Amino acid sequence: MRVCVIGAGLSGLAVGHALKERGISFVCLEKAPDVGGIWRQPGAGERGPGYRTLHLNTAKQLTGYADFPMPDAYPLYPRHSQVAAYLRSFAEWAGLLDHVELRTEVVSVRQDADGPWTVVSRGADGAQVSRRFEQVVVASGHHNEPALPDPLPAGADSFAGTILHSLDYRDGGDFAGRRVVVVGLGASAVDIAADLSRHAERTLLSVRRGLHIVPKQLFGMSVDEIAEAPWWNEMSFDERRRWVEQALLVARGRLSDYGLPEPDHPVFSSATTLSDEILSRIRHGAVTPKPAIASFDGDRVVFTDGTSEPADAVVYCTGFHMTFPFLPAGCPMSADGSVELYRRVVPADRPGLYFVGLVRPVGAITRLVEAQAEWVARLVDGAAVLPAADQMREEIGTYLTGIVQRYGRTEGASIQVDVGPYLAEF
Ligand SMILES: Cc1cc2nc3c(=O)[nH]c(=O)nc-3n(C[C@H](O)[C@H](O)[C@H](O)COP(=O)(O)OP(=O)(O)OC[C@H]3O[C@@H](n4cnc5c(N)ncnc54)[C@H](O)[C@@H]3O)c2cc1C
Ligand SMILES: CC(C)=CCc1ccc2c(C[C@H](N)C(=O)O)c[nH]c2c1
């Protein structure tokens, strides 16, 4: 009745928890046959951005919900099945599954002229039902449209093997004995390359823009938990980058003696990739670094340095696009295509609509999603109020110009936040 929550992954569950605490009536619609979001997919063989060898890269204590710790048997970085099991247990413990419509996919959300929203949902049969809700919380994630590079290098149609996105990547054993190129230096790319490196005969890592390769751990500490080490917070920006970047050099050297492009910036500049493996896999010959792909010559891949390589498959680890197909008008955006959401959550001109989890932070997203859920629940029942619309887009303006200044007009900087000052206002 009162709130329709689109999604029962980690964000939609935090939302149902927050709605349930205030006694707010809500239903939670979710396409998958179970709660869990992306983490439930690798274990069910479903096209999703995860893969059979995916673990957390955030500390479990900063990753689980604050009122519901993960089993103490869990390691610091649990596997995706452990994470998916944990999230099923939360929904159980929180009495949410009575409110979750599984196998229910939202197809349109439209704001009626009188205030409420008509939500059309496709049930398990495909039977479309059309319902009305006072408010809609969107928690559908932003990793659900693959982003393939344009242009795909020449000869793509000549190619004897398979070209695929990480979305379609599933397990390294699906390429045992083959020769595979991985394109990208993202979190998906180093993980997939390291996985392939123990199954494919040969694994090539084709990277064209250098990213910073930071281990999951410095001084025995997770880097997401160093982020709030009080001794680290009293650092100035180039005081910590001073120590962070010398921390890297003793731990690993710099990227330039692994055959890796080093980046056009220092750390924290655009993004850093977290790995424990990829540098050592290079140094054991299990992964060979390569520049950008230049063309597909039929059976081989040609890289821009002139070198060539026989290749049975290319997995594009190039990330995801941010879309909302159930929203005819789109997520609020500026013409630059930057997200326009007051405090990263609230459209300035659309009462009753809220976006949760549509942020990308230093470290784990859970505390932020909890903060967002708690605020939204108090907006839904009037304990909290919003500024007038002109004032809301003033804060969006300040956020955005500061975004173009710091991270630049890259793709996806419109949702970038630092855990600390963001949580600090909830
Ligand atoms: C490979 C990978 C690794 C990551 N690792 C970490 C990590 O270690 N630590 C961390 O803190 N974060 C990590 N993240 C970030 C990750 O997004 C969050 O941890 C978490 O998954 C957020 O879940 P969510 O609920 O926001 O979205 P999702 O997990 O995407 O869940 C959204 C849900 O919406 C559902 N849905 C229902 N109806 C619809 C509909 N009509 N249209 C669309 N969707 C619908 C989808 O089925 C899906 O279950 C990782 C992300 C990726 C891709
Ligand atoms: C150098 C340094 C201390 C960086 C701090 C840091 C940055 C990013 C992450 C992530 C990515 C996460 N998967 C996300 O994008 O939400 C997990 N832990 C992190 C820690």
# chains A, B, ... in the order shown; residues from 1 in each chain; ligands from 1
>>> closest_atom_pairs(of="chain A", to="ligand 2", cutoff="7 Å", atoms="only C-alpha atoms and all ligand atoms", output="JSON lines")
{"residue": "A:57", "atom": "CA", "partner": "ligand 2", "partner_atom_place_in_ligand_line": "17 (C)", "distance": 5.2}
{"residue": "A:58", "atom": "CA", "partner": "ligand 2", "partner_atom_place_in_ligand_line": "18 (N)", "distance": 4.6}
{"residue": "A:214", "atom": "CA", "partner": "ligand 2", "partner_atom_place_in_ligand_line": "1 (C)", "distance": 6.5}
{"residue": "A:223", "atom": "CA", "partner": "ligand 2", "partner_atom_place_in_ligand_line": "3 (C)", "distance": 4.3}
{"residue": "A:224", "atom": "CA", "partner": "ligand 2", "partner_atom_place_in_ligand_line": "20 (C)", "distance": 4.1}
{"residue": "A:226", "atom": "CA", "partner": "ligand 2", "partner_atom_place_in_ligand_line": "3 (C)", "distance": 6.3}
{"residue": "A:227", "atom": "CA", "partner": "ligand 2", "partner_atom_place_in_ligand_line": "3 (C)", "distance": 5.5}
{"residue": "A:267", "atom": "CA", "partner": "ligand 2", "partner_atom_place_in_ligand_line": "1 (C)", "distance": 6.7}
{"residue": "A:268", "atom": "CA", "partner": "ligand 2", "partner_atom_place_in_ligand_line": "1 (C)", "distance": 6.4}
{"residue": "A:272", "atom": "CA", "partner": "ligand 2", "partner_atom_place_in_ligand_line": "1 (C)", "distance": 6.6}
{"residue": "A:360", "atom": "CA", "partner": "ligand 2", "partner_atom_place_in_ligand_line": "16 (O)", "distance": 5.1}
{"residue": "A:361", "atom": "CA", "partner": "ligand 2", "partner_atom_place_in_ligand_line": "16 (O)", "distance": 5.3}
{"residue": "A:362", "atom": "CA", "partner": "ligand 2", "partner_atom_place_in_ligand_line": "7 (C)", "distance": 3.9}
{"residue": "A:363", "atom": "CA", "partner": "ligand 2", "partner_atom_place_in_ligand_line": "19 (C)", "distance": 3.3}
{"residue": "A:364", "atom": "CA", "partner": "ligand 2", "partner_atom_place_in_ligand_line": "17 (C)", "distance": 5.5}
{"residue": "A:365", "atom": "CA", "partner": "ligand 2", "partner_atom_place_in_ligand_line": "16 (O)", "distance": 5.7}
>>> residues_around(residues="residue 20 in chain A", least_positions_apart="3", cutoff="9 Å", atoms="only C-alpha atoms", output="VMD selection string")
chain A and resid 15 to 17 23 to 26 94 to 96 377
>>> write_last_selection(atoms="N, CA and C atoms", output="PDB file, in the first residue's frame")
ATOM      1  N   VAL A  15      15.917  -0.769   2.941  1.00  0.00           N
ATOM      2  CA  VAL A  15      14.742   0.087   2.842  1.00  0.00           C
ATOM      3  C   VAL A  15      13.544  -0.567   3.540  1.00  0.00           C
ATOM      4  N   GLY A  16      13.316  -1.860   3.279  1.00  0.00           N
ATOM      5  CA  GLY A  16      12.227  -2.553   3.957  1.00  0.00           C
ATOM      6  C   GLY A  16      12.425  -2.615   5.461  1.00  0.00           C
ATOM      7  N   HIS A  17      13.661  -2.843   5.896  1.00  0.00           N
ATOM      8  CA  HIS A  17      13.980  -2.770   7.315  1.00  0.00           C
ATOM      9  C   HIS A  17      13.631  -1.401   7.886  1.00  0.00           C
ATOM     10  N   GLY A  23       6.885   1.298  11.033  1.00  0.00           N
ATOM     11  CA  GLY A  23       5.544   0.799  10.861  1.00  0.00           C
ATOM     12  C   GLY A  23       4.920   1.205   9.559  1.00  0.00           C
ATOM     13  N   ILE A  24       5.728   1.482   8.553  1.00  0.00           N
ATOM     14  CA  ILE A  24       5.208   1.931   7.272  1.00  0.00           C
ATOM     15  C   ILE A  24       4.915   0.721   6.407  1.00  0.00           C
ATOM     16  N   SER A  25       3.725   0.701   5.848  1.00  0.00           N
ATOM     17  CA  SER A  25       3.312  -0.362   4.954  1.00  0.00           C
ATOM     18  C   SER A  25       4.094  -0.281   3.647  1.00  0.00           C
ATOM     19  N   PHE A  26       4.569  -1.428   3.175  1.00  0.00           N
ATOM     20  CA  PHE A  26       5.376  -1.437   1.970  1.00  0.00           C
ATOM     21  C   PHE A  26       5.358  -2.826   1.362  1.00  0.00           C
ATOM     22  N   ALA A  94      14.498 -10.019   9.838  1.00  0.00           N
ATOM     23  CA  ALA A  94      13.837  -8.725   9.876  1.00  0.00           C
ATOM     24  C   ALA A  94      12.359  -8.799   9.498  1.00  0.00           C
ATOM     25  N   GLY A  95      11.835  -9.999   9.255  1.00  0.00           N
ATOM     26  CA  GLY A  95      10.435 -10.153   8.906  1.00  0.00           C
ATOM     27  C   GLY A  95      10.043  -9.452   7.624  1.00  0.00           C
ATOM     28  N   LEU A  96      10.903  -9.506   6.610  1.00  0.00           N
ATOM     29  CA  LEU A  96      10.695  -8.784   5.362  1.00  0.00           C
ATOM     30  C   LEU A  96      10.062  -9.625   4.265  1.00  0.00           C
ATOM     31  N   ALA A 377      12.570   6.670   5.043  1.00  0.00           N
ATOM     32  CA  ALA A 377      11.409   6.207   5.800  1.00  0.00           C
ATOM     33  C   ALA A 377      10.776   7.358   6.576  1.00  0.00           C
TER      34      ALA A 377
END
>>> select_by_dssp(residues="range 241-322 of chain A", states="strand (DSSP E or B)", output="PyMOL selection string")
chain A and resi 272-274+288-290+293-296+300-303+308-310+313-316+320-321
>>> residues_around(residues="residue 253 in chain A", least_positions_apart="3", cutoff="12 Å", atoms="only C-alpha atoms", output="VMD selection string")
chain A and resid 212 to 215 245 to 250 256 to 258 260 262 279 to 280
>>> atom_distance(atom1="CA of residue 172 in chain A", atom2="CA of residue 198 in chain A")
7.5 Å
>>> closest_residue(among="A:333, A:148, A:339, A:369", to="residue 423 in chain A", atoms="only C-alpha atoms")
A:369
>>> residues_around(residues="residue 39 in chain A", least_positions_apart="6", cutoff="9 Å", atoms="only C-alpha atoms", output="list in words")
residues 9, 48, 50, 54, 80, 81, 82, 83, 84, 85 and 87 of chain A
